[PDB]
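Presented below, as structure tokens, is a lone chain in the form solved without adenosine-5'-diphosphate (ADP).
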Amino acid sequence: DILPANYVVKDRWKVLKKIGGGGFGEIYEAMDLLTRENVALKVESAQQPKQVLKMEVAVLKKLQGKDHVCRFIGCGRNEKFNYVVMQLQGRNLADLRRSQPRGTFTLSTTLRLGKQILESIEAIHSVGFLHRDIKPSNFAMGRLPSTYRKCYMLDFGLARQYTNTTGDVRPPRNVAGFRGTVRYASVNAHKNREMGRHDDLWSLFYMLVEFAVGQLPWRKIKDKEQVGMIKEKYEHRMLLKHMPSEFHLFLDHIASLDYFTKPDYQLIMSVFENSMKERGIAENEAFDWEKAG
């Protein structure tokens, strides 16, 4: 562990426990000694080859003022480590889905989480970055009376800038090694092609099928190449058997997209809103994990 328990950062953030494992950094839960609340503290050693914290902070600062994003508290650098302090969130969508009796969410919960995730995806792309690791464990529900019904986008570690200073689209590399989670990865990412905005939309599509149907055909299969081969040949139309009919629009729209084309986020959002109108789902409705109703 980069920081032991009870260690104090910049004489303000006292380490309570480690909450996220090792890779290219560590996530800790800490106490803010000034404001008295608990915070998320992400740390990377200063003696590290691939240093991503700087990029994560750049993305988090650019996103301040948007919904579905943690509040930026602080950051710093020293001879031992680099750190970022941010607003702490609650239960992640992967643990919430697993806790469900049949491992499925109702369509009401699925469609509304869908709207919130799409808004956070549109928000990250409007600032010129691709998330590239859209998955349920990267989304968490709030932990406050003002936020318990709000879904937050987490972890900008695999993000990449796709639009330069002037808003021009950066050239794609001929080969771009894909390093995210296999399960929700698009066919383009499996092909090691440069990922675009549509690839974050493909992950949201596979997350929503998994949420409503409880499984994806390629679940439990661990070999990256094999999953990519199963996806390429799988009749995605057959993924929609039990999904609302408008998802064929979502699917036809994302299938047509390339690296350069801006997606039609409104058509995708319309697919969820009309799906909800057609079946009387309301915004005030309780989420599946909430009891007493």
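Here, rigid core means the biggest group of C-alpha atoms that superpose within 1.5 Å across both forms. Sequential numbering from 1, following the sequence displayed.
Look at the C-alpha B-factors of 113 to 121 and of 164 to 172. On average they run higher in 164 to 172.
The question of which stretch, 77 to 85 or 140 to 148, has the higher mean Cα B factor is settled in favour of 77 to 85.
Note on 59, 240, 227, 69: the highest value goes to 240, judged by CA B factor as recorded. Highest C-alpha temperature factor among 91, 198, 179, 131, as the PDB entry reports it: 179. Ranked within its chain, residue 55 lands in the highest third, by CA B factor from the PDB record. Split the chain's modelled residues into thirds by C-alpha temperature factor. Residue 219 is in the highest one. When the modelled residues of the chain are ordered by C-alpha B-factor, residue 99 sits in the highest third. For residue 63, the recorded CA B-factor ranks within the lowest third of the chain. Only modelled residues enter the ranking. Remark: residue 259 belongs to the lowest third of its chain, ranked by C-alpha B-factor as recorded.
Note that the form deposited with adenosine-5'-diphosphate (ADP) bound isn't included here; everything after this is about it.
Proximity to adenosine-5'-diphosphate (ADP) in the deposited bound form holds for none of 119, 201 and 271, with the criterion being a heavy atom within 4.5 Å. The closest non-hydrogen atom of residue 90 lies within 4.5 Å of adenosine-5'-diphosphate (ADP) in the deposited bound form. Contact annotation for residue 194: none of its heavy atoms lies within 4.5 Å of adenosine-5'-diphosphate (ADP) in the deposited bound form.
Contact annotation for residue 138: at least one heavy atom lies within 4.5 Å of adenosine-5'-diphosphate (ADP) in the deposited bound form.
The closest heavy atom approach of residue 40 to adenosine-5'-diphosphate (ADP) in the deposited bound form falls within 4.5 Å. Comparing 169 to 177, 209 to 217, 107 to 115, 154 to 162 against adenosine-5'-diphosphate (ADP) in the deposited bound form, the single stretch with non-hydrogen atoms within 4.5 angstroms of it is 154 to 162. For the options 86, 187, 130, 182, the one in contact with adenosine-5'-diphosphate (ADP) in the deposited bound form, meaning a heavy atom within 4.5 Å, is 86. Out of the listed residues 243, 227, 70, 251, 70 is the one that sits within 4.5 Å of adenosine-5'-diphosphate (ADP) in the deposited bound form by at least one heavy atom. Large C-alpha shift between the shown form and the other one, rigid core held fixed: of 256, 261, 226, 48, this applies to 48 alone, with a displacement of 2 Å or more.
Taking the rigid core as fixed, one finds a CA shift for residue 22 of 2 Å or more between the shown form and the other one.
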